[PDB]
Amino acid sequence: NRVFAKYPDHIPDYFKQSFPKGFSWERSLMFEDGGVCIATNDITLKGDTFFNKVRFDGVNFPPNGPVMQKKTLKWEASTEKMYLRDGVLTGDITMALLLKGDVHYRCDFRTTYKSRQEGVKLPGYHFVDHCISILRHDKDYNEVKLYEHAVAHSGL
């Protein structure tokens, strides 16, 4: 939910403008070993609570790969490149999972964002730095405490 990203005044905030009607996003996650995931989220607002209807599908992960063998440690911080593609706000990211053994596993992200709010002002090409982290979790990850910090900027 990119609503949770610090946007400076000089960059139109597509997400905070998308209410009360809300917005949705679609994302493709292309892993370097063939794994492919599609995630979608329809975000709505009621009172002061954002509701998220998420779907996540993943296929073609090698059975002995780092994903199916649970060898990932965390996502490294990243910088999302935001721009318009055929009129749709899009974010492309060079993502990387740190694995056990001190090596990285790359994944390419492409997220498309679509607001349901009328008259939203579209931003120009910009960036959003991210850092997502699992603060703590139980043995099997049945219970997870997640956290994200994101800041939009103009690079340079």
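All residue numbers refer to positions in the sequence shown, first residue = 1.
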Stretch exceeding the other in mean C-alpha B-factor - 111-119, 87-95 = 111-119
Top Cα B-factor in this entry, restricted to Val128, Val59, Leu45, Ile38, sits on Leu45
Temperature factor at the Cα of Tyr105, chain-ranked in thirds, falls in the lowest
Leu156 - which third its CA temperature factor falls in, relative to the rest of the chain = highest
Of the three thirds of its chain by CA temperature factor, lowest, middle or highest, which one includes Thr49?
-> highest
If you rank every modelled residue in this chain by C-alpha B factor, which third holds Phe19: lowest, middle or highest?
-> highest
